[PDB]
Student: 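Mind having a look at this structure? Questions to follow.
Reminder, nothing fancy here: chain letters follow the sequence lines and each chain counts from 1. What you see below is based on every heavy atom in this structure, not just the backbone, and it leaves out hydrogens, waters and symmetry mates.
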Amino acid sequence: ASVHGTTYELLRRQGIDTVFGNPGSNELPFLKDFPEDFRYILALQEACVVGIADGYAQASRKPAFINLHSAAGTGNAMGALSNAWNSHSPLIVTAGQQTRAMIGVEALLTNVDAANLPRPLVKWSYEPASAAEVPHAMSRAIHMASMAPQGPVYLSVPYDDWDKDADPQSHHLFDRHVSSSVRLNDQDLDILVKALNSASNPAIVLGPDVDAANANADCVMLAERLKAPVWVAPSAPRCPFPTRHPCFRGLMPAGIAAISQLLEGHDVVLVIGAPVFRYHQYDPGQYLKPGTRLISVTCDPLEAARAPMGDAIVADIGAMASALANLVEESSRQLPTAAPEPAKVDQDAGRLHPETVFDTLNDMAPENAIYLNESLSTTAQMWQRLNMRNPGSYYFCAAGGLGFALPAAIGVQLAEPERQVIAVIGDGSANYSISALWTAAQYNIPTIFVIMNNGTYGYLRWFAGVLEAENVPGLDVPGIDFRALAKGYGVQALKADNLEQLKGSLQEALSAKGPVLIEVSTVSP
Amino acid sequence: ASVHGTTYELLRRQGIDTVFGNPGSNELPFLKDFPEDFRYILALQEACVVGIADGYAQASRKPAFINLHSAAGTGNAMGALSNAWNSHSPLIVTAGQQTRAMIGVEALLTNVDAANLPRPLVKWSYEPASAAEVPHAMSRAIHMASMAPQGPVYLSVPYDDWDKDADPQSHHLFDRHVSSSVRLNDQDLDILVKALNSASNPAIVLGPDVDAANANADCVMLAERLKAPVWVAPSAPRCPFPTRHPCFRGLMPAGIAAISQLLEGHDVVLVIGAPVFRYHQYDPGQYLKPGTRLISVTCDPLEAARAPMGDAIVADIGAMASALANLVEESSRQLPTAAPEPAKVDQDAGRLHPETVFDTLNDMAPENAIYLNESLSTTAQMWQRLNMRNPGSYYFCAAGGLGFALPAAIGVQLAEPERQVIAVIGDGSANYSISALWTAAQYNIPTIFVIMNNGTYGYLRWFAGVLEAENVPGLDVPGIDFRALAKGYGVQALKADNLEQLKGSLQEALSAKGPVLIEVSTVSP
Amino acid sequence: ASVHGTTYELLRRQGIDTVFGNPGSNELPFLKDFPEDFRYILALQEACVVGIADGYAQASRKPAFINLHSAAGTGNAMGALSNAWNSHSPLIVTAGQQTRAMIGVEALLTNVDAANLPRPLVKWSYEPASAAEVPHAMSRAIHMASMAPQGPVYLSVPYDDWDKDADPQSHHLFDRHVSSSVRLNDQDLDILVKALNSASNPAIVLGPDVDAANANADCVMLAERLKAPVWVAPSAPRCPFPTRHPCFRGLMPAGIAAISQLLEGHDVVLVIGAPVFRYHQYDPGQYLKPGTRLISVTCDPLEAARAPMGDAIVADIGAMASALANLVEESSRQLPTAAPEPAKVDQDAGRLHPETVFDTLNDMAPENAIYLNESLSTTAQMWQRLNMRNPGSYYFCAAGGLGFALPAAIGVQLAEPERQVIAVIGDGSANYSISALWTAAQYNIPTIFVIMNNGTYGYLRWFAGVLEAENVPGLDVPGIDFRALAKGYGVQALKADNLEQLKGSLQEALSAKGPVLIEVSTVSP
Ligand SMILES: Cc1ncc(Cn2c(C)c(CCOP(=O)(O)OP(=O)(O)O)sc2=O)c(N)n1
Ligand SMILES: Cc1ncc(Cn2c(C)c(CCOP(=O)(O)OP(=O)(O)O)sc2=O)c(N)n1
Ligand SMILES: Cc1ncc(Cn2c(C)c(CCOP(=O)(O)OP(=O)(O)O)sc2=O)c(N)n1
Ligand SMILES: [Ca+2]
Ligand SMILES: [Ca+2]
Ligand SMILES: [Ca+2]
Ligand code: NA
């Protein structure tokens, strides 16, 4: 067997059947004789390739495979990799290297010092020392991406390796099963359960690793047994809980003082599947108020190490959530009462308030819609106004890197063909990965893109307020016609300048058989 | 003084007056109270920001200053940095970091392990240990970018540093002059000159550092004195010689065997301002034939170290070219005869042959036009068909990273307001940095973009041929309307489906007062 | 509170009370006002400092704290760190940095790019962005070293930070409890147990993480229930099983073919707490023979990823060994029969055969002796001839880095004051960290050092044989008087030129109240 044949066999034996890519000369020997059972999804720029693969991996809850071109293709993807690192996305990033005979002279499109290029945004980064090692290196990449805490990995392969003879002993790689599905030992788990059972006013805080683990239903059971309010940890990349469940209390503000104030009076705060905490704005104060102690369950040693307070347990979130949900007592406290519905904001016949847009989306979208958020100044309103009952219903750029939601929405829609994906993206954010629209058109992936057009980088005007910063350049983005951009890439385009048009446009988009972009004229901040 | 005030003073004292940027919250304290004498050029995605700054630095022959947002903004620019590394572009890349009080907890948009992120594509990468150190760190960044061999550098600055008190001793940074304008000592330079004077059939090979140094006219004088043919080193990022001068012999093929064959019979080959050599395709053979010896003058130790043959001198290209041009004897050999004009390719009333497009550009463009090339399958024809008499007339992605030419053309046009810039970009390449069009519209930078639309990644179909690779996915890019993309970003758009329309469109574009995009329907490969 | 006071409070609250160090100017502000409840152990060179701390951490099964001087002190320790990485030793390495005001100018003993210096041999490496962050960074270092898989970490601290005011919120760091004491979920653990219960001829292979976890007794119970032979994985850094238990089968040869041959006919091979596998010599063949399947339990994702065969479970070794030992059925197969005693090698009245030395050590040493091995050509004989009944009885350089055993023996003896430590070290190996002897003398740590003096690098003469390499320089080390070296550092010294003298010397050493070095004249290979 060749290294080519062996490597594709390893990939299919490990469940991988799709390559998200933008091709180059160093990858042609890998992509040639492309196997019939695989599919290749082309995107026109590498931030888009990785974004699509990332949405696909997060929604499918399995690794996604990426093929990029040498240093320039990998470099174009590095902002996308920053998000993937923070969302623990299991991404296997492969990049083609020059032929081994011309690496030394640094021929054009040699990836120099290749393994160092994507650091520090990958769990593992490597170039094999010989062609016969390639399948073993690929095996390492698959398992490193897939073991808790999941994350992106990088493998650089000289293009001449693929046609070489594989090692016959590589067959032992094909069926390896590697598990990190672990939970706290019985004695210490009993101690934790007793602390939860004994708490007089527990609170629960959930992060993205709950949704990645599909631990959402177990966390519902846990919250109901403990009769405890549930918050989502700040800067949330996913939604880990039904947002209209009686225990749900919403997204935490991303500030130190704000969070300790919210938790005040809670004696035990159990955090599951989140960093402690992904603050954003600087809001100095107490990490916790007196009387509050914190216990964190995290799949990531790096999270447990850097928490500035609390105890921590490093374990699989699925296994831990299930064990806790099944072991805790039913408290005799009263179940928390559901948060009230949000108020209707006054809306005239002109430009749309974001609140109106979210209320209308909530009124019209299917109950199993999946949303993406890259409309940064409207996040709080989005979380208050969209009823998201099911797991996998929300994605937001985990490292704050714009250019995620547009391509990720396409990968999510590819992963979940029977759930309507609706990406809500600001006019500024829409440009970072605009060319991803083309992939939705070409493969007819029927994502709906709602562009919130207010002409400005609104969130940065806000943060300028908290910093009290005046005379800042570069905050306005006038003069972009998103319907023309959508036409340019073959996506049906609609405009909504008022509520009547928003309703009509959503009705058309929801009914459409292909992707649709709706440009919404929203109010300026 | 504050760190803010001191740093802008240092920048203006060192000749920097423009910030190319895409802003974020960590940069607001740097960008606030933006100085009246500076200008900020916004681009909508960071590959575009760096591309624009890169074209501006290469054309202006001075450092360009960039401000990006933390890890995600830096990561989005890393493909652009790969080109900048290979073209020795003096780029000062600054990125905002979280406030020092929240770096430890890794708050959202903390740039973790920041200095390692852009490696290995920068000469120097750093985050200062205190706010008062920021001006000195900026001084280091300016000089590291600007000293031979020039190249990109990276500085990460926590956002709280700007408002802190500066060290009063920072004033000693303001007027530092640092020179690398050096040449080989007299005794060894005399030995080199004697070897050139004694050669029976010398050849000259020139690379991009000649054009960066504006050493072109000196290299003309050198070639005329030595009566020597002149080639451009392969994978050329710039044009270092007038392409219709009698000595000019064109762009070398990027292959080992091809180059040794071309040089056969030349006893001394003097290479100036190029790597030896930037091969691309694998074309194994002799590095040089018997009877040929090579001498390389390079500004870059890394180039001198990795050459697989020849002697080398590491020195400033401007200083060396001037010294050699003035010291060599006038040979009594006959001057080389000019290459013949290229033939006219048969052209019917349908889709355009690339040869026709270049002939027509050469017929209509001003004599001081500046071209950019990201139409990878037509490079040989472009070099044969465009008469480029003047320095600074050609740019091509130095690391082969697509997404350079579109934004770089805007930076070049900003640097050279009286020279018409014409970027010739393939339909595939146009997408990587498509959003850069917006910056040309907003600032009315009148670049002309000629999109060569053949529906496919043509060069990759070629390289597939040399590799003999069949059943490769992802090579076609149908279904993109570039006039709609240009409209989307506010750029006037024209279509050329045949020669009559190409001529009309060029006439309109040349006359236009703003940027113009022409979509040309070219023949499929 | 100051950063100094807060950091020592954090260290004592986290169980750390000893600093192993070699001091320098950047560390004086940390070491001043040294707390009364701490102890400082000086060694004269940094390989010795880290070796001592490493032996102390491995034997105590808890993190050890190290303080080195800037880049030069850290660099002198990097070979020692290579061993620590491979043995998963929880080492907190701190190094002093220049004052923040002189880092930029790179004053003498600035640690440039400090965090990158010890990579890739540390789990985490960091320099804080401000003085107030130091206690949180130290908290991160403690937990990163201590979480599974344990390993060395690095923290660089500017010397001016210690006197600065601490953040009052740092108190939340003091009592953090972080656990990685996890095991496979119940459903999958039941599947594993069923596979073990069903095996017709299981084998067990144990590595160093079993002894680190004190999982030895549980592994005895497991082997007895399964009636299974037990081997120690190759290149063994520790001893995980009583070597005269009936199931024990010895140390595996460090070769691919040798191991698959040894395992042939075993249907299920359970590996616990080892890489799969730490081969040394190149011995190509099948990784496993047909009919053998492998299951690995490892605390280290990097081990699970790179195994070339088998399934793997990433979990705590203590928790997994206990669960398996208590859950498996008692097999009705016959218990394995103990290996026979090794034969007595013929010994005349001259130089000692290594076999004689080990037999004599086994005859005279206490049953709870602890041995270290850095006599590389005699390892097989050592493993056959020393009855090691108890956990923590054997250490060998985990990365093969010489200079470990001499200082580690001192740290082990410091950790286990009531167990006689006997380090058996070749004459070549003894020199790498010879100055460590001084620390044993000064603190009266009564380690016994047995120098096996055959005048040559014996193992390298062997490996030269397997490679069939002739005319190799640098293999002989004549002319070293180890009794004089011991005298030089204040350690009692004895010589053993024959068996009578070996017996007398051991009797004296065993009775001595201080450290003793015995130079043994052994036979040449
Ligand atoms: C890759 C990248 N570049 C720059 C930023 C900085 N940034 C920028 C530029 C924002 C403006 C977003 O504008 P929008 O139109 O998409 O949405 P809003 O108007 O609601 O803010 S929010 C933010 O953090 C970023 N986060 N990521
Ligand atoms: C960032 C990046 N991604 C991928 C490539 C690989 N690549 C690709 C995708 C090419 C196709 C260029 O297509 P085009 O339409 O712009 O021009 P041609 O049709 O003349 O080839 S040429 C080439 O090297 C690259 N060089 N850089
Ligand atoms: C730091 C370091 N340097 C060099 C070596 C190479 N090396 C060397 C030099 C050996 C000779 C050991 O000689 P010895 O006298 O201690 O023992 P033997 O005679 O039994 O081999 S074994 C070995 O791997 C090493 N392992 N570690
Ligand atoms: Ca906006
Ligand atoms: Ca094309
Ligand atoms: Ca020896
Ligand atoms: Na990097």
Side-chain angles (χ1 to χ4, degrees), chain A residues 19-28 30-31 42-54 64-85 89 91-98 103 106-128 137-138 141 144-145 151-159 399 401 403 407 433, chain B residues 45-47 50-51 71-86 116-122 152 154 397-404 432-433 474:
Chain A
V19 175
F20 297 89
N22 179 266
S25 65
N26 294 347
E27 300 76 41
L28 305 168
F30 168 65
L31 297 172
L42 176 66
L44 299 175
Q45 200 257 12
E46 295 83 356
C48 302
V49 172
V50 172
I52 292 167
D54 193 348
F65 183 95
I66 292 150
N67 186 229
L68 304 179
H69 179 53
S70 193
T74 300
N76 280 347
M78 281 182 62
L81 287 180
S82 73
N83 287 317
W85 174 261
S89 296
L91 303 181
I92 300 150
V93 183
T94 67
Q97 171 65 282
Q98 259 281 9
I103 290 172
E106 302 184 3
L108 192 70
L109 292 147
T110 300
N111 189 354
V112 176
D113 207 22
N116 280 332
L117 175 60
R119 301 185 165 138
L121 304 177
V122 287
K123 297 181 66 176
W124 187 71
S125 189
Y126 191 64
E127 183 173 283
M138 188 67 76
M144 287 299 292
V153 301
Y154 187 73
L155 181 64
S156 167
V157 183
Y159 78 71
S433 296
Chain B
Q45 200 257 12
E46 295 83 356
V50 172
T74 300
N76 280 347
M78 281 182 62
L81 287 180
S82 73
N83 287 317
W85 174 261
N86 271 24
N116 280 332
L117 175 60
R119 301 185 165 138
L121 304 177
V122 287
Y154 187 73
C397 50
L402 306 181
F404 168 77
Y432 290 82
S433 296

Student: Could you tell me whether a side-chain N or O of A/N111 sits under 3.5 Å from a main-chain N or O of A/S156, the two making a donor and an acceptor?
Tutor: no
Student: When rounded to the nearest 0.5 angstrom, what distance separates CE in A/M138 from CG in A/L155?
Tutor: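 So the CE of A/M138 and the CG of A/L155 are separated by 5.0 Å.
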Student: Find the distance between CG (A/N67) and CG (A/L31) and round it off to the nearest 0.5 Å.
Tutor: 5.0 Å
Student: Can you tell if the side chain of A/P158 reaches within under 4.5 Å of the side chain of A/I103, non-hydrogen atoms only?
Tutor: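 Yes. Closest side-chain heavy atoms under 4.5 Å.
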Student: Applying side chain to side chain contact (heavy atoms under 4.5 Å, CB included) to B/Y432 and A/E46, what does each step give before you reach the verdict?
Tutor: CA-CA 8 Å; B/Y432 290 82; A/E46 295 83 356; 3.5 Å; yes
Student: Would you name the heavy atoms of A/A115 and A/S125 that are closest together and state the gap between them?
Tutor: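 Where A/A115 meets A/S125 most closely, the heavy atoms are O-OG, 2.7 Å.
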Student: How close do A/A80 and A/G51 get, counting heavy atoms only, and between which atoms?
Tutor: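 Closest pair (atom of A/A80, atom of A/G51, distance): CB-N, 4.4 Å.
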Student: Any side-chain heavy atom of B/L121 within less than 4.5 Å of one from A/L117?
Tutor: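 They are in side-chain contact.
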Student: Sub-3.5 Å donor-acceptor pair from the side chain of A/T94 to the main-chain atoms of A/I66, do we have one?
Tutor: yes
Student: Using side-chain heavy atoms (C-beta onward) and a distance below 4.5 Å, is A/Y126 in contact with A/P128?
Tutor: yes
Student: Working to the nearest 0.5 Å, report the span between SG of A/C48 and CG of A/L42.
Tutor: 10.5 Å
Student: Give me the atom names and distance for the closest heavy-atom approach of A/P118 to A/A114.
Tutor: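 Looking at all heavy atoms of both residues, the shortest contact is CD-O, 3.3 Å.
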Student: Might you point out which heavy atoms bring A/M144 and A/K123 nearest each other, and give the distance in Å?
Tutor: O-NZ, 2.8 Å
Student: Measuring from A/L91:CG to A/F20:CZ, what's the distance to the nearest 0.5 Å?
Tutor: 9.5 Å
Student: So, does A/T74 use its side chain to make a donor-acceptor pair with the main chain of A/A71 at under 3.5 Å?
Tutor: no
Student: Mind listing the closest non-hydrogen atom pair of B/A398 and A/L108 along with its distance?
Tutor: O-CD1, 3.5 Å
Student: With no hydrogens and no angle check, is any side-chain donor or acceptor of A/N22 less than 3.5 Å from a backbone partner on A/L68?
Tutor: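 Pair absent, no side-chain N/O of A/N22 close to backbone of A/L68.
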Student: Supply the atom-to-atom distance A/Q98 CD to A/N26 CG, rounded to the nearest 0.5 angstrom.
Tutor: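 Taking CD in A/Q98 and CG in A/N26, the distance rounds to 5.0 Å.
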Student: From B/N76 CG over to A/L81 CG, what is the distance, rounded to the nearest 0.5 angstrom?
Tutor: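 Rounded to the nearest 0.5 Å, the CG-CG separation comes to 10.0 Å.
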Student: Using only atom types and a distance under 3.5 Å, with no angle test, would you say the side chain of A/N83 pairs donor to acceptor with the backbone of A/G401?
Tutor: yes
Student: A/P407 and side-chain contact (heavy atoms from CB on, under 4.5 Å): which partner among A/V49, A/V50, A/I52?
Tutor: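 With A/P407 as partner, side-chain contact (heavy atoms from CB on, under 4.5 Å) holds for just one option, A/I52.
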